[PDB]
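Notes follow once the structure below has been shown.
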Amino acid sequence: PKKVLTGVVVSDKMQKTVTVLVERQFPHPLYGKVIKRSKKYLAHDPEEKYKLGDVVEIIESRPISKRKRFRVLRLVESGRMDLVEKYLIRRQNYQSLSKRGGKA
Amino acid sequence: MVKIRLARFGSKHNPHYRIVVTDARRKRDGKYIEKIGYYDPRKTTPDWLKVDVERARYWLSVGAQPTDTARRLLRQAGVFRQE
Amino acid sequence: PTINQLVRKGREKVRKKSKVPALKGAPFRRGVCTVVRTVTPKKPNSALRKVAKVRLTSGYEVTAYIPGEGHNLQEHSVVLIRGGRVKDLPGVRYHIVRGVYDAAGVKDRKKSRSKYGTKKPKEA
Amino acid sequence: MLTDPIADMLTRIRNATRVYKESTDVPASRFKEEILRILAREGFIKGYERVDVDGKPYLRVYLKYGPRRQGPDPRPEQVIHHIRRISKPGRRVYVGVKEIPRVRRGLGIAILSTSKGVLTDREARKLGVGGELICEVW
Amino acid sequence: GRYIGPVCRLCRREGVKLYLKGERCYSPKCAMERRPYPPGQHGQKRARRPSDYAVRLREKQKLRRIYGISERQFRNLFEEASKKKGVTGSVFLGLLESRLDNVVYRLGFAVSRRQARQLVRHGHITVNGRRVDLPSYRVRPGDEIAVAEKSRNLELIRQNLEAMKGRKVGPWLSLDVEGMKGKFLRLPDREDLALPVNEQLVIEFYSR
Amino acid sequence: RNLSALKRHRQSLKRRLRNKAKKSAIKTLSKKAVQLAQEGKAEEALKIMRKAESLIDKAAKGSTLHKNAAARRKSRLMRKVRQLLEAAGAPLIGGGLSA
RNA sequence: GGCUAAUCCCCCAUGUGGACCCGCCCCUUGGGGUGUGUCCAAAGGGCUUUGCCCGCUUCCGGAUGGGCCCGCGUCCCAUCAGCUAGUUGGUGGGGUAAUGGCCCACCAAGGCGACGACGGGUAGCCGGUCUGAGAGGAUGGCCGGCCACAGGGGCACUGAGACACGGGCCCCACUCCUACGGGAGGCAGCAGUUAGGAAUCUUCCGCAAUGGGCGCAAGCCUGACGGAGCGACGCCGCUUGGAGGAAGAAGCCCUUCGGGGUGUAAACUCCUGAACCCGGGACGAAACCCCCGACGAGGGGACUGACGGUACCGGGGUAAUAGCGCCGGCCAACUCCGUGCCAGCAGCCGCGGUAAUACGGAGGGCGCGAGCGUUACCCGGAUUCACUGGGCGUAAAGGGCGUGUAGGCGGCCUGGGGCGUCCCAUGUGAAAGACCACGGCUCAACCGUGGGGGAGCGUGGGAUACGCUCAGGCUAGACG
Ligand SMILES: [K+]
Ligand SMILES: [K+]
Ligand SMILES: [K+]
Ligand SMILES: [K+]
Ligand SMILES: [K+]
Ligand SMILES: [K+]
Ligand SMILES: [K+]
Ligand SMILES: [K+]
Ligand SMILES: [K+]
Ligand SMILES: [K+]
Ligand SMILES: [K+]
Ligand SMILES: [K+]
Ligand SMILES: [K+]
Ligand SMILES: [K+]
Ligand SMILES: [K+]
Ligand SMILES: [K+]
Ligand SMILES: [K+]
Ligand SMILES: [K+]
Ligand SMILES: [K+]
Ligand SMILES: [K+]
Ligand SMILES: [K+]
Ligand SMILES: [K+]
Ligand SMILES: [K+]
Ligand SMILES: [K+]
Ligand SMILES: [K+]
Ligand SMILES: [K+]
Ligand SMILES: [K+]
Ligand SMILES: [Mg+2]
Ligand SMILES: [Mg+2]
Ligand SMILES: [Mg+2]
Ligand SMILES: [Mg+2]
Ligand SMILES: [Mg+2]
Ligand SMILES: [Mg+2]
Ligand SMILES: [Mg+2]
Ligand SMILES: [Mg+2]
Ligand SMILES: [Mg+2]
Ligand SMILES: [Mg+2]
Ligand SMILES: [Mg+2]
Ligand SMILES: [Mg+2]
Ligand SMILES: [Mg+2]
Ligand SMILES: [Mg+2]
Ligand SMILES: [Mg+2]
Ligand SMILES: [Mg+2]
Ligand SMILES: [Mg+2]
Ligand SMILES: [Mg+2]
Ligand SMILES: [Mg+2]
Ligand SMILES: [Mg+2]
Ligand SMILES: [Mg+2]
Ligand SMILES: [Mg+2]
Ligand SMILES: [Mg+2]
Ligand SMILES: [Mg+2]
Ligand SMILES: [Mg+2]
Ligand SMILES: [Mg+2]
Ligand SMILES: [Mg+2]
Ligand SMILES: [Mg+2]
Ligand SMILES: [Mg+2]
Ligand SMILES: [Mg+2]
Ligand SMILES: [Mg+2]
Ligand SMILES: [Mg+2]
Ligand SMILES: [Mg+2]
Ligand SMILES: [Mg+2]
Ligand SMILES: [Mg+2]
Ligand SMILES: [Mg+2]
Ligand SMILES: [Mg+2]
Ligand SMILES: [Mg+2]
Ligand SMILES: [Mg+2]
Ligand SMILES: [Mg+2]
Ligand SMILES: [Mg+2]
Ligand SMILES: [Mg+2]
Ligand SMILES: [Mg+2]
Ligand SMILES: [Mg+2]
Ligand SMILES: [Mg+2]
Ligand SMILES: [Mg+2]
Ligand SMILES: [Mg+2]
Ligand SMILES: [Mg+2]
Ligand SMILES: [Mg+2]
Ligand SMILES: [Mg+2]
Ligand SMILES: [Mg+2]
Ligand SMILES: [Mg+2]
Ligand SMILES: [Mg+2]
Ligand SMILES: [Mg+2]
Ligand SMILES: [Mg+2]
Ligand SMILES: [Mg+2]
Ligand SMILES: [Mg+2]
Ligand SMILES: [Mg+2]
Ligand SMILES: [Mg+2]
Ligand SMILES: [Mg+2]
Ligand SMILES: [Mg+2]
Ligand SMILES: [Mg+2]
Ligand SMILES: [Mg+2]
Ligand SMILES: [Mg+2]
Ligand SMILES: [Mg+2]
Ligand SMILES: [Mg+2]
Ligand SMILES: [Mg+2]
Ligand SMILES: [Zn+2]
């Protein structure tokens, strides 16, 4: 069945497209500990209906573009930037770990 | 087209075929679609030929084309006997 | 380390390094003898051991021990080498196979003959 | 705070028994109490009871031991020879019924936590369920 | 290859009596009956406390040297025994005992195992009618091991089978001295066999 | 010193020229139609559109276009023509365009 | 340049139907229906010739095969940390069987990265295989599946299908032909040659069988395949003899010079009788086809064997290959002579400088046997990368200290949810292999039939203790 995923909209600076961050949890194959890895999906939002901070369902779809095979199925829960926050920061720390400038 | 034929399985001088449904283009001992019997040309045992005639009839009903030898074997097991 | 740590860095597998760059892993390599000297063993021992600098097809040049009572390896002998160092002569890590190519077998050998390329003593 | 209250308890007990204490108090939690019941029923402790140390709820855990002994060191054998935490914050361990262990060819027990409540490796095997392997005791 | 050579020296090294000759092994000429000490220039010297290894080695070498089987074949049987269900030691002895060349010896068609081997290779034996000349052929419970009809008139088979008139046969077998045939009733139980061997040590030798 | 199957190469070349030509026609008329429609010439543009439609379906009779390739072309054609017309309007000869 | 046939190409017609545009209905991404308009069909051949066969056209469906897309999984280096402009997305096109920046205009300014982007190294992936108690480690040869390539690079044509190993075009490198303008070619098919290498076979037989292409069929093609050949390369089976033979030949080796060992071993005696010589001699092969019947069901008859005069059965019949490593400890097996830190041995510890069980030989002995050793490489032992299953005061190992980001982890009670977790059913998990059983070659290797498993993933249903999440509460942590 068309895979359905739930996630948070972390970007919407694109036309009719939003970025959804989907987390997942599983037992490390050798160390057991439940670890939590995640991935971002560019989902189709033709009505520009979804905004930053929405937790949405996403459904496997027919290609809309390269790098874009999912459509926003529906809104699960509105606004909640606490999630958008983790992301933004986790990305900001990247500056402070190379050779140039950054923030601690 | 798809066929019903014999795939070789025994060993040197010890042939044992498998009556099989497969695409005509596949190598003979390659991936078949279904096994519907087996055949020992040297009748080394009382059970040298078995054919799932209900199944044979199915494939035959969908286009499967038997080899002249496969047909010969299927007949022997009353695949075409309409009596 | 903590499990979180093993999850973050994991264990590191041990890479085993060779003692026989007879290249291609190959069981044997062919070469030609450059020099055919003699060497002095280390500390505990003393004697005149027969070595041989060899230029391998492997595209290598290394010293290889010449086992047995007596040989016949000049400055252009075609030799076949195998793995096997000589604990006394640091730097010698291969043996010449007495019985192949130019390195003749040992004569009047009667025990461990196969290890010295000496055919079964004729006669009855 | 304690990072693992069940391990804290398993140890308070491990410790108390090594110096043959009478009882031992542990901060109370339903889950902890639930584990004691198995502990009691299988005859590892004499039982326990809710009490109020100071102003907060605890659980006197009446320990139990064998008889005095012969020769040097008369100290009695332990009822709880071994009591170890298996699942832990940082590394939770879950098992399927087909994967439930067998502590000392049966002479010991494993305490799982299932959706059918806290059970021993048999109560679990019986009800045909598995869950979080909490600890083993023998 | 099946060895082929001085057999009594094997008795001398194992210190026990193996019957690689049938008669003579019951006679005051048995060598074991007059030189129970190992062969070679040191047979009479003071034996040194054997090593745990030596003990196991010697013990297995004894059991194998009894059936005249190759270390190769021998090892394969043991592995097969180890795989099968049941006490490996016994199952091992059952299999070793199910070898036609051995069964032919048990039924007294031959004086020794090495003789029963030749009687098989040369067709003088039969299994359920059809002839078999494979010393290693495995007799199963219910089979009938007989002498080849064309062979029933052999000076050697005459003697051997005559001498059988009167002798008893293993509880797992059953001879018929008249018709020159017998039957493998069932796999011999450990108790039935009385070999000077501790199969336990053997299983350990292959455990190393 | 070789295979008489060089024949397939000869045949291919004729078949190639045969296809190339059928298509050139299709394109040329297709444009012609789109152009007339764009200029408001309805009766004229539809008239030509039908040839195009016909040539396309015909090309599909054999292995020139075959498939849904014709379908695709007819579609894109009738759409561009119907739309270009509607920007002045009045589909006279009511050629291929359905009511 | 000229002539000409067709199942070659084209035009008109017929419209079951189908395609396209627009509308309406159901359905929900471009699925199904309906209406008007437009557009689109075809090929003949053979006869036992007027009734069948082979074939043609359009459409719906089946079956097989395949394209594209998505989740998760898939080595080493962070002494590679920033990467990106068709780049990321949008609108409109083009292109295709089809989605898509696949391609193109135009607009936006995005996309990716420590959960390792980008870069560098290495590498076809898998079923499986080897090893291991397992977890795991290593591996991907044969066989089966998928992918990629066909001298190197690029490209399209034809076609249901190709960007085509024995098709085409261009560039490049090479070989050959050349009357110097210009042409020809590609064994990573079978066999073979040459080069490289430690090392890898026959320019064999057959199309009898299984399979494939074309043909109504007869039949043709098939280095696919079925066989044979070479190589102990591996596995399995088998032989070089069996029984009797001296308080024990000779020779050889030790010796307390009494004697001890090789050893029932030999010679001998009797028995069987591998090799070899005769006779017989196969399964694999019954279909296609023909006749009857209806070209069906059914019945009947005929042809056909490379392997091969091989397997195997019967008769006769000789007593007739044994080697290799090792014997100081680990490690099973000891003495003499020779040599004198020499000649040499050596896996580690070590051995030899005058009486060496360690060097060399001999006698004897242990091991294994058509093999035995050696080298190389993988797993093991090695809980020595420790998940199972390790450690850091002095053995290697605590960061010089703090502050703190991400992350990891989280006290007590109640409730909702049910992501983790657990349960049931179900689908999937090809065949081969592996396991068990029975069975076919005299056994076995090998092979056939059958059975039993299986983690993971999809779907439906269920549980809610623990973890997570949401909501509320508490004061024992923390803070004031
Ligand atoms: K950045
Ligand atoms: K069908
Ligand atoms: K054409
Ligand atoms: K012409
Ligand atoms: K119409
Ligand atoms: K169809
Ligand atoms: K299909
Ligand atoms: K499909
Ligand atoms: K587009
Ligand atoms: K384990
Ligand atoms: K692996
Ligand atoms: K791999
Ligand atoms: K693997
Ligand atoms: K045909
Ligand atoms: K018929
Ligand atoms: K014969
Ligand atoms: K002889
Ligand atoms: K001397
Ligand atoms: K000395
Ligand atoms: K010595
Ligand atoms: K020596
Ligand atoms: K290792
Ligand atoms: K330090
Ligand atoms: K520092
Ligand atoms: K709840
Ligand atoms: K395995
Ligand atoms: K499932
Ligand atoms: Mg937006
Ligand atoms: Mg995901
Ligand atoms: Mg020295
Ligand atoms: Mg070495
Ligand atoms: Mg030596
Ligand atoms: Mg067993
Ligand atoms: Mg072991
Ligand atoms: Mg042609
Ligand atoms: Mg033009
Ligand atoms: Mg002309
Ligand atoms: Mg119509
Ligand atoms: Mg419609
Ligand atoms: Mg309509
Ligand atoms: Mg009209
Ligand atoms: Mg028409
Ligand atoms: Mg006609
Ligand atoms: Mg588009
Ligand atoms: Mg399109
Ligand atoms: Mg692009
Ligand atoms: Mg940027
Ligand atoms: Mg490569
Ligand atoms: Mg291990
Ligand atoms: Mg295993
Ligand atoms: Mg494994
Ligand atoms: Mg393969
Ligand atoms: Mg090439
Ligand atoms: Mg075609
Ligand atoms: Mg085409
Ligand atoms: Mg081609
Ligand atoms: Mg290709
Ligand atoms: Mg070629
Ligand atoms: Mg060469
Ligand atoms: Mg053929
Ligand atoms: Mg054929
Ligand atoms: Mg003598
Ligand atoms: Mg004898
Ligand atoms: Mg005879
Ligand atoms: Mg005779
Ligand atoms: Mg034929
Ligand atoms: Mg006729
Ligand atoms: Mg007729
Ligand atoms: Mg018939
Ligand atoms: Mg020893
Ligand atoms: Mg001297
Ligand atoms: Mg000297
Ligand atoms: Mg000396
Ligand atoms: Mg000694
Ligand atoms: Mg030694
Ligand atoms: Mg390990
Ligand atoms: Mg650990
Ligand atoms: Mg350590
Ligand atoms: Mg230190
Ligand atoms: Mg410090
Ligand atoms: Mg801090
Ligand atoms: Mg924090
Ligand atoms: Mg908590
Ligand atoms: Mg948290
Ligand atoms: Mg759930
Ligand atoms: Mg399942
Ligand atoms: Mg399978
Ligand atoms: Mg059998
Ligand atoms: Mg099977
Ligand atoms: Mg399961
Ligand atoms: Mg479910
Ligand atoms: Mg609930
Ligand atoms: Mg809750
Ligand atoms: Mg709260
Ligand atoms: Zn004896």
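All heavy atoms count here, side chains included; hydrogens, waters and symmetry mates do not. Just so it is clear: chains get the letters A, B, ... in the order the sequence lines come, proteins before strands, and each one is counted from 1.
Counting non-hydrogen atoms under 4.0 angstrom, B/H13 reaches the backbone sugars and phosphates but no base. When heavy atoms are screened at a 4.0 angstrom cut-off, E/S151 is found touching no nucleic acid atom at all. If you check every strand for non-hydrogen atoms under 4.0 Å, C/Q5 touches nothing. Base contact: C/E12 has a heavy atom under 4.0 Å from a base atom. The residue E/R130 sits apart from the nucleic acid: no heavy atom pair falls under 4.0 Å. Nucleic acid contact for F/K80: sugar-phosphate only, since backbone atoms but no base atoms lie under 4.0 Å from a heavy atom of the residue. Contacts of C/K50 with the nucleic acid, taken as non-hydrogen atoms under 4.0 Å apart, involve only primed sugar atoms and P, OP1 or OP2. Among the protein residues, A/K103 comes within range of no part of the nucleic acid, since none of its heavy atoms lies under 4.0 Å from any strand. The residue F/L3 sits close only to the backbone: its heavy atoms come under 4.0 Å of sugar-phosphate atoms, none of a base. Backbone-only engagement by D/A28 is indicated by non-hydrogen atom pairs under 4.0 Å involving sugar-phosphate atoms exclusively. Among the heavy atoms of the strands lying under 4.0 Å from B/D29 are primed sugar atoms or P, OP1, OP2 only; no base atom is included. Nucleic acid contact class of C/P41 (heavy atoms, under 4.0 Å, all strands): none. Within the 4.0 angstrom heavy-atom criterion, only backbone atoms of the sugar-phosphate kind lie near D/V95; the bases stay farther away. Within 4.0 Å (heavy atoms only), D/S113 reaches at least one base atom of the nucleic acid.
Listed nucleotides: G/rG242, G/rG111, G/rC283. Nearest to the side chain of E/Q118: G/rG242. With G/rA346, G/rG110, G/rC326 as the candidates, the nucleotide lying closest to the side chain of C/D88 is G/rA346. Among G/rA63, G/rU442, G/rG245, the nucleotide with an atom closest to any side-chain atom of E/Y137 is G/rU442. Proximity note for A/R90 (side chain, C-beta onward) versus G/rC413, G/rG113, G/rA406: the nearest is G/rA406. When distances are taken from the side chain of F/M78 to each of G/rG298, G/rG363, G/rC20, the shortest belongs to G/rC20.
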- Walk me through it: do C/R109 and C/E69 pass the test salt bridge (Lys or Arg N to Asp or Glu O under 4.0 Å)? CA-CA 9 Å; C/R109 232 294 176 169; C/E69 290 286 34; over 6 Å; no

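Regarding nucleotide G/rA455, the torsion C1'-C2'-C3'-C4' is greater than zero, so its sugar is described as north. Pucker check on G/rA150: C1'-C2'-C3'-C4' negative, sugar south.
Side-chain atoms of F/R76 come within donor-acceptor range of the base of G/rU96, with a qualifying N/O pair under 3.5 Å. A donor-acceptor contact under 3.5 Å links the side chain of D/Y94 to the base of G/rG420. Taking 3.5 Å as the limit, the base of G/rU442 and the side chain of E/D133 contain a donor-acceptor pair of atoms between them. Contact of A/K2 with G/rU29 (side chain to base): a donor-acceptor pair of N or O atoms is detected under 3.5 Å. With hydrogens and angles ignored, no donor-acceptor pair under 3.5 angstrom links the side chain of E/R35 to the base of G/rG261.
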For nucleotides 450-459 of chain G, print each protein N/O atom paired with a nucleotide N/O atom at under 3.5 Å, atom names and distance only.
{"from": "G/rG450", "atom 1": "OP1", "to": "B/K50", "atom 2": "NZ", "distance (Å)": "2.9"}

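In this structure, G/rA117 is classed as anti because its glycosidic torsion departs from zero by more than 90°. Syn is the classification of G/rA382, since its glycosidic angle stays within 90° of 0.
For F/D57, the groove within side-chain reach, using a distance under 5.0 Å to base N or O atoms, is identified as the minor groove. For B/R28, the groove within side-chain reach, using a distance under 5.0 Å to base N or O atoms, is identified as the minor groove.
Remark: A/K16 does not engage A/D45 in a salt bridge, criterion side-chain N to carboxylate O under 4.0 Å.
Between the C1' atom of G/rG66 and the CG atom of B/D23 lies a distance of 11 Å, rounded to the nearest Å. When the P atom of G/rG90 is taken as reference, atom CZ of A/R67 falls 12 Å away, rounded to whole Å. Rounded to a whole Å, the CD atom of A/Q92 is 16 Å from the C1' atom of G/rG82.
Nucleotides G/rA425 and G/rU459 qualify as a pair under the Watson-Crick or G-U wobble definition, both contacts being shorter than 3.5 Å. In this structure, G/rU262 forms a base pair with G/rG251, meeting the Watson-Crick or G-U wobble definition at 3.5 Å. For the criterion of Watson-Crick or G-U wobble pairing, both bonds shorter than 3.5 Å, the nucleotides G/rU210 and G/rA224 count as partners. The bases G/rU384 and G/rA198 are not paired as Watson-Crick or G-U wobble with both atom distances under 3.5 Å.
Ring-plane geometry between B/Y39 and B/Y17 is classed as parallel, the angle between the planes falling under 30 degrees on a 0 to 90 degree scale with a further cut at 60.
If you check G/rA471 for Watson-Crick or wobble pairing at under 3.5 angstrom, you find it paired to G/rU414. Checking G/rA370 for Watson-Crick or G-U wobble geometry (two distances, each under 3.5 Å) identifies no partner in any strand. With a cut-off of 3.5 Å on both pairing distances, G/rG30 has no Watson-Crick or G-U wobble partner at all.
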